[PDB]
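Working notes for the structure below.
There are 6 protein chains.
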Amino acid sequence: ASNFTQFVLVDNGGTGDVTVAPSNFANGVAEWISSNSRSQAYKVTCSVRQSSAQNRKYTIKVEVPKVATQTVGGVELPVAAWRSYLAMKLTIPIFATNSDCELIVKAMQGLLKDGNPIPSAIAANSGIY
Amino acid sequence: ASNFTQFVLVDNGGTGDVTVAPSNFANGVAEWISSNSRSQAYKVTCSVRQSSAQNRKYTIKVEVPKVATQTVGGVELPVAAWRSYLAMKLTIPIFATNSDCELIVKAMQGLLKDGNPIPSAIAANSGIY
Amino acid sequence: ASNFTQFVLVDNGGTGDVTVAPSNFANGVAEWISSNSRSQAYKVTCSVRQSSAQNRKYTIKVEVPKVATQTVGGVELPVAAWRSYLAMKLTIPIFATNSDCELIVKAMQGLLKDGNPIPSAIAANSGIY
Amino acid sequence: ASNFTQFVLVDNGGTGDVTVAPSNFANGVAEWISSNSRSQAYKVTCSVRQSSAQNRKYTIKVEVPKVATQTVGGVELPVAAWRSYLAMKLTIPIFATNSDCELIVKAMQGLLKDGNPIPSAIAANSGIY
Amino acid sequence: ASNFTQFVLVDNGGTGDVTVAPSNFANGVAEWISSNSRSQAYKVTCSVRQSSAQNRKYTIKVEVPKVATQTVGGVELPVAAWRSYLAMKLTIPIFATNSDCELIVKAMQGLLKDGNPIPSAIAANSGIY
Amino acid sequence: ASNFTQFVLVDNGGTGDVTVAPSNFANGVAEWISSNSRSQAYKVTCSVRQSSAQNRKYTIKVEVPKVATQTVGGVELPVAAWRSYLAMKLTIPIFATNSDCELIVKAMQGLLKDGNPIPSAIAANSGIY
RNA sequence: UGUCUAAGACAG
RNA sequence: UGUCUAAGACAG
RNA sequence: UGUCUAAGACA
RNA sequence: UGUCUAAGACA
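Protein chains in written order, with this note's numbering: chain A, 1 to 129; chain B, 130 to 258; chain C, 259 to 387; chain D, 388 to 516; chain E, 517 to 645; chain F, 646 to 774.
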């Protein structure tokens, strides 16, 4: 209905939340960044296109800063040591109804819900065991 | 512990939930599938690799099917009308602390939380505008 | 005396039990078939032969059908939607005594006993994990 | 959760029981080995793979040794006089539900249940008659 | 019996011990890491395979962090300056009984017991003299 | 001081102990052997090298034999039925403090301490699961 | 790197 | 990198 | 589809 | 040693 708005990316219960806001719409790709230097910010981008005859495809990217021992506003090199990148690609058949899509979103939420396998592994620098 | 446990992939309040369970770990790829014919099952796979000398990369995949009954050769078989695919690559630097990773997980959770931009667009067959 | 008798292949309480009976013994190959439409029957075959100077070799095979009705042109027939195939080869040296053989059989029964790894993986459309 | 655990391969009351434990899982091939001299150990291996578009295939193997002492040049070693080899292939279509699989397993257990044809022939160094 | 559990790697008498816990079981290789960023953690991995016809071989690896002047959670480069690596390879003939193996373990313990030559040399940045 | 001293490699409480002593230091490789015929002796060797411009590498080896009496040409000779080999490479950065090294030694000691995962698996001819 | 018959070897 | 019929693929 | 010393092989 | 429609097959 007009969803390109600011939102809470990292929720720490009001006090200490990381908020992300619209920062670019070039080429139809929506971008959101936290209030930092681009080298230390949280960034989120998203776009959809019909990847093929039968499928539509969402491409979502997220960049999370390494905070431990960080120096706010400083020049931290090498860049690859201070940043994590998430790249999501959601392929959805053109036959999926709004309902079908609502379930796909739920599957994604369940996948990452706190306490489940995957998020528990990532959050502990671990694999599956 | 052991993080290789079953979990509810799609939550619909107790009943109607889509729960998925450990099914394979061959070749270092942890697999979870729902209780159905291998042809109609929901599937989730996860794996971690030391992608670089200073990087670790998680590869996660989810397969949400649209079940159906197809008649092949006059006989009916349990099949999937089509499948939706979620593929995410997560690259975390080896210098990332546990708290640093907890931050990445929170970000992904925040990203897909009901009400926020992206999950809203996806659930309505729409882009961000 | 005879061991080419009918037996219970699948036990489901008292009723719902699949029984298979002797049907053919051509070429030293014993064959058992469940009743009714040969097309939807369970099949078991067995044979032994001196595979070499010091070895005897058993060849056991089992076919479990997926009962169904095929309709083509309005004509319907009792068929098997598909079949699951089991084939085992058992090599036993000529030095094995009756005791040694009784042990080999216990090993086979243990391998498929309820609760153990292999039978549990199969019954859940899974592998080892 | 895990099904790559140790189990009782041969049951002989409470004592005299052969137990086999996880030892290796390279190349998607699960392997169990009984304790003591690897040379006189029982071995079990298992694996699954998509054998075709509509079929998955299991490969189970078991080795039962004939414990003995080899003496050569006055030096003696724990060896296996000989080994009995079991090898089974199980093909299951992707349309099989959990129920269908549970049935296939019951068929296998029935095939080797005490008293029935096949297990009795094997345990008596015999064929069908 | 089920040994993949957490244990004390560096014992400093309760207070100040370094504990290591299961963190991965991909490919059958057991991994244990301390609670740190992977760049600063203690890591232990282990696996066994039959290296040849007559031998089994254990491969054990350990990574110990350089702690003096360390900055917890910081990005320390070059990696090679802040880490020590131990790589053990234990070859055992298939004729070794549990007893034989128990003695091999004792030999390893004696080799590293406090006060003996080897550990005394390593602990003093020395060679043998 | 002089760290080149004899020590008890295998401890069995005063009596039955396997003690090994300095035997050679030719070519910079310190050797210790038990008091037996060179053919049945336990052997331990150690050496240190400045492997890199910023690294030092220790190479340690232990040979545990299985003594036996073989009859060759009608005559009996003291021999080893087989040998077990332990080979470990330890790489420590030149920036490692004495306390840093004491940490590495403690880790290796903790690794092989009775009751812990690895020594337990080894002593039982088993893997970690 | 990996393997062994093991401070010397072999197949990268 | 991208795509799919999806841990395996194809066109860089 | 088969054999052996068996996840490697040999036809 | 392997695949399938399975005691017949196909490499």
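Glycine residues also receive a C-beta, built at the ideal position from the N, C-alpha and C atoms.
key: E/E547 burial status per 10 Å Cβ neighbour count (16 or more: buried)   = Around the beta carbon of E/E547, a 10 Å sphere encloses 16 or more other beta carbons of the protein chains shown; the residue is thus reported as buried.
query = How would you call B/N132, buried or exposed, if buried means at least 16 neighbouring beta carbons within 10 angstroms?
reply = B/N132 should be labelled buried.
inquiry  = Taking 8 Å as the threshold (beta carbon to beta carbon), is residue 142 of chain A in contact with chain E?
reply    = Residue 142 of chain A falls outside the range modelled here, since chain A spans only 1 to 129, and no answer is possible.
query = What residues of chain D sit near E/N614, judged by a beta carbon separation below 9 Å?
reply = Simply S422, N423 and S424.
Residue of A/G127, A/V75, A/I94 and A/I128 minimising C-alpha distance to A/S37 = Residue A/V75 is the option with its Cα nearest to A/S37.
ask   = For a contact meaning CB atoms closer than 7 Å, what does F/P762 contact in chain E?
value = What F/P762 touches in chain E: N519, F520, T521 and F523.
task = State the CB to CB distance for the pair D/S471 and C/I380, rounded to an integer number of angstroms; the pair is presumed to be in contact (CB under 8 Å).
result = For D/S471 against C/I380, the beta-carbon gap comes to about 23 Å, at or over 8 Å, which does not count as contact.
inquiry  = If the criterion is Cβ atoms closer than 8 Å, does the pair F/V693 and F/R701 meet it?
reply    = Cβ distance < 8 Å, so F/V693 and F/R701 count as in contact.
Reduced DSSP category for residue 259 of chain B - H, G, I as helix; E, B as strand; rest coil = Residue 259 of chain B lies beyond the range of chain B shown here (130 to 258); nothing can be said about it.
request  = Would you kindly report the start and end of the unbroken beta strand (DSSP E) that includes F/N648?
outcome  = Premise fails: F/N648 is in no beta strand (DSSP E) and is neither H nor E.
ask   = Mind checking D/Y516: buried by the 16 CB within 10 Å criterion, or exposed?
value = D/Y516 should be labelled exposed.
ask   = With distances taken between CB atoms, is the gap from E/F611 to D/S426 smaller than 8 Å?
value = Result yes, Cβ atoms of E/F611 and D/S426 sit closer than 8 Å.
key: C-alpha distance - F/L654 paired with F/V663, whole-angstrom precision   = So the alpha carbons of these two residues sit roughly 6 Å apart.
ask   = Does any residue of chain A bring its CB to less than 8 Å from the CB of E/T561?
value = No, its Cβ sits nowhere closer than 8 Å to a Cβ of chain A.
task = Report the neighbours of C/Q298 on chain B: residues whose CB is nearer than 8 Å to its CB, in chain order.
result = Within 8 Å Cβ-Cβ: nothing; C/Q298 doesn't reach chain B, min ~12 Å.
query = Does any C-beta atom of chain B lie closer than 8 Å to the C-beta of D/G415?
reply = Yes - at least one Cβ of chain B is within 8 Å of the one on D/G415.
ask   = For C/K364, which of helix, strand or coil comes out of DSSP?
value = Three-state DSSP puts C/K364 in a helix.
ask   = Counting Cβ pairs closer than 8 Å, one from the segment 578–595 of chain E and one from the segment 624–632 of chain E, do we hit at least three?
value = Cβ pair count under 8 Å is below three, so no.
inquiry  = Does the CB of D/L490 have a neighbour CB from chain C at under 8 Å?
reply    = Cβ-Cβ to chain C under 8 Å: yes for D/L490.
task = Can you give me the Cβ contacts of A/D11 inside the same chain, cut-off strictly under 7 Å, excluding the 5 residues immediately before and after it?
result = Excluding sequence neighbours, A/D11 sits near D17.
query = So E/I608 is in the beta strand (DSSP E); what residue range does that whole segment cover?
reply = Segment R599 to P609, the beta strand (DSSP E) holding E/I608.
ask   = So is F/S771 buried or exposed if we call it buried at 16+ other beta carbons inside 10 Å?
value = It is buried - the Cβ of F/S771 has at least 16 other Cβ atoms within 10 Å.
task = Residues of the segment 313–346 of chain C with a CB closer than 7 Å to any CB of chain B: list them in chain order, please.
result = Per Cβ criterion, the list reads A326, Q328, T329, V330, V337 and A339.
task = Measure how close the beta-carbons of C/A365 and D/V451 come, nearest whole angstrom, since I'm counting them as under 8 Å.
result = Going by Cβ atoms, the distance from C/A365 to D/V451 rounds to 5 Å, so yes, they are a contact pair.
key: Proximity below 8 Å, CB of A/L111 to CB of B/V191   = Yes; because the gap between Cβ atoms is below 8 Å, this pair is in contact.
ask   = Start and end of the beta strand (DSSP E) containing E/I638?
value = Unbroken run through E/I638 is the alpha helix (DSSP H), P633 to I638; no beta strand (DSSP E).
ask   = Using a Cβ-Cβ distance under 8 Å, would C/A382 count as near chain D?
value = Yes, contact with chain D.
ask   = For B/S181 versus D/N485, is the C-beta distance shorter than 8 Å?
value = Not closer than 8 Å, so no.
message = Considering only DSSP beta bridges, list what C/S281 is partnered with.
response = DSSP output for C/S281 lists no bridge partner at all.
ask   = What is the C-beta distance between F/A671 and F/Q651, in whole angstroms, given that I count them as a contact (C-beta under 8 Å)?
value = With a Cβ gap of about 18 Å, F/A671 and F/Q651 do not count as contacting.
key: Local Cβ density within 10 Å of A/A1, reported as buried at 16 or more and exposed below that   = Classification of A/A1: exposed, given that the 10 Å Cβ count is below 16.
task = Would you verify that the beta carbon of B/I223 is, or is not, closer than 8 Å to some beta carbon of chain E?
result = Yes, because at least one Cβ of chain E sits closer than 8 Å to the Cβ of B/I223.
request  = Hey, could you find the ends of the beta strand (DSSP E) E/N571 is sitting in?
outcome  = Counted as a single uninterrupted DSSP element, the beta strand (DSSP E) harbouring E/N571 occupies residues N571 to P581.
task = In angstroms with no decimal places, state the Cα-to-Cα distance between E/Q570 and F/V674.
result = Taking C-alpha positions only, E/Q570 is separated from F/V674 by approximately 28 Å.
query = Which term fits E/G589, buried or exposed, when burial requires 16 or more other beta carbons within 10 angstroms of its beta carbon?
reply = E/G589 should be labelled buried.
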